[PDB]
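Reading through the structure tokens given below for one structure.
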Amino acid sequence: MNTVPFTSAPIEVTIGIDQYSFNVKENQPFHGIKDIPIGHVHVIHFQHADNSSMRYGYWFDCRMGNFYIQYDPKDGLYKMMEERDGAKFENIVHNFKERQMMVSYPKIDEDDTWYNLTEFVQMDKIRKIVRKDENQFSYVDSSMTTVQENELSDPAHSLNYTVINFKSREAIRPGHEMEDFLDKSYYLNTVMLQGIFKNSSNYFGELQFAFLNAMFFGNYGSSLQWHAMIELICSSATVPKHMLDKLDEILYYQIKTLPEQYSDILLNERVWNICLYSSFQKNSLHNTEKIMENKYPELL
Amino acid sequence: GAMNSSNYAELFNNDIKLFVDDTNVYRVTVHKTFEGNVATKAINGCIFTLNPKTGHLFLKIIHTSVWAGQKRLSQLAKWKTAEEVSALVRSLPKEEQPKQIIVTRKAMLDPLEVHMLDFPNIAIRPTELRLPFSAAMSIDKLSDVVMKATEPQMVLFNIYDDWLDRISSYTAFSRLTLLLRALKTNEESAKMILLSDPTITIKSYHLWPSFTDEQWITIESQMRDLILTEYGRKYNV
Ligand SMILES: CNS(=O)(=O)c1ccc(OC)c(Br)c1
């Protein structure tokens, strides 16, 4: 297990680690988070008490370096840092763990929730969506716009998701206008999967990352990207059987983890109703349709 | 966005535009089968594409052969319409292509958008206007060319005949809409109005009779009376 030690917590903040979260009072003797499962990506996220504007956070993989968090009184946020001096990380980490100043990543042994939400998410790909190569972790916040959003302002701070646009020449073959608009299998299989993503794992990883950025940061463009990638599959007549089975699993856990009270803003009624009840795959997402109907029937 | 009463006069400015009406693309006669079931028989159709400024009507004749062995014909018809409009645009020189194309039905928006992706600078628009272009097939000479076609075929008409020599396009369009509205509300009566006087004839190169200015005022009033009359017959007013 791994550790993200904190220099201090000078300002009151709700701290997020993956799907858990806890409140740290201003100048509380909080020195970071211990027992973080090696082997998954993770996300440590913040919402300041005094201003819930800007949720913000860092995606990281403990295998890629030793990371710590220090508040920056000038820029006014908790910043992720990498300490290249391994020995110093051990001493820094060992004092705080003996003085018990750290919260334990609180994973239940029956619980595969995080593995299931991040199954196909890789840091290497995260870092191509979030351009900032001088760091091994990736910063994200609520307000970052996506490349397609910028097409419809600062390019350095965008989310470079894969543009999906159903009324685009990329999506529509000359001579197959109707066929390709009504059945997006061409765009899904030849254009996106074979052409751009190479495999369905890479596709699902971006989708899963988009959902997580939407849920954890309220990042609106991520939510758009999430719904588009779902809708692209659901609107394809011809999808590999294994992809539909995994998609159902991916979505089931996303819907299961979603705060009941955030459903009105993170869930597009048209997309979901279309996907579960009107699309080619209306009958193929059994787990997802069951949880969606028993949890958010109002939406349907 | 959408064309309505606030911006009605944009039709007559000098940006090239076309109305596309797809109502008569896919036309059927429903009849009983020997087994007592019901079956359709398609008949020839037509795309009604019109420059409201010039009166140039590009009448694309949809022969029933284009439906053979096809499913979901009402849906195909929208995409067939879009295919043919995109072909017409592509056939025109660039200086003649429309800057906007206004569809009389919202269901044509996406078909036409998708077929015009090569033309991003052409605006595809709906309209809130209720235009009577479905009555285009009540114009004998148009109806004749459609029903006689043995193959796909485009015929070019001026739906204003020589009216623009004497009136403006705003006025020509208003006459046309009123003519077609009347033919749509009561075709027989409308045709009786138009052809009751044998001494006013339709020139071989025209669609409508050679009414003088004064006689068009009469006709236009009789057409309004007809539309008023039927309104009362309908609603019992
Ligand atoms: C700049 N390196 S360092 O020694 O100050 C350092 C400070 C704080 C740390 O965690 C709180 C770690 Br780990 C390293």
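The values are calculated or read from the model by the stated rules, or taken from the named source; no laboratory read-out is quoted. Please note: Cβ atoms are built from the backbone with ideal geometry, for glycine as well, and neighbour counts cover all protein chains shown.
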For A:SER138, are the conditions met, namely being farther than 13 Å from A:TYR58 by Cβ, away from the ligand (no atom under 11 Å from the Cβ) and among the small types (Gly, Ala, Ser)? no
Give me the residue from region A:29-39 that is part of a loop (DSSP other than H, G, I, E, B) and crowded, with 18+ Cβ neighbours inside 10 Å and, out of that set, farthest from the ligand (Cβ to nearest atom). A:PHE30
Would you call B:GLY1 touching a strand residue (DSSP E or B) at 6+ places or on another chain (Cβ under 8 Å) and not assigned by CATH to the domain that holds B:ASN158? yes
Lone qualifier among A:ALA171, A:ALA214 - being surrounded by 18 or more Cβ atoms within 10 Å (Cβ to Cβ), within 14 Å of another protein chain (Cβ to nearest Cβ) and aliphatic (A, V, I, L, M): A:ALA171
When the residues of region B:123-145 are filtered to those that are aliphatic (A, V, I, L, M) and in contact with a helix residue (DSSP H, G or I) (Cβ under 7 Å, 6 or more places away or on another chain), which remaining residue is nearest to the other protein chains (Cβ to nearest Cβ)? B:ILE124
In region B:110-136, residue surrounded by the most Cβ atoms within 10 Å (Cβ to Cβ) [restricted to those that are part of a helix (DSSP H, G or I) and out of contact with any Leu (no Cβ under 9 Å at 6 or more places or on another chain)]: B:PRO111
Looking at the structure I just gave you, is A:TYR139 over 15 Å from A:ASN213 (Cα atoms) and of a type in the set (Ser, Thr, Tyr)? no
Condition first: under 22 Å from A:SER52 (Cα atoms), within 15 Å of the ligand (Cβ to nearest atom) and of a type outside the set (S, T, N, Q). Now tell me which residues in region A:1-28 satisfy that. A:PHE6, A:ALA9, A:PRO10, A:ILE15, A:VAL24
Just to verify a result, which residue in region A:63-102, among those that are among the aromatic types (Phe, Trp, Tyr) and either in a helix (DSSP H, G or I) or at positive phi (or both), is farthest from the ligand (Cβ to nearest atom)? A:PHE96
Of everything in region B:88-109, what is within 14 Å of chain A (Cβ to nearest Cβ) and surrounded by fewer than 20 Cβ atoms within 10 Å (Cβ to Cβ)? Give them in sequence order. B:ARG90, B:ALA107, B:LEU109
Selected residue [within 14 Å of chain B (Cβ to nearest Cβ) and more than 16 Å from the ligand (Cβ to nearest atom)] from A:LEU117, A:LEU152: A:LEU152
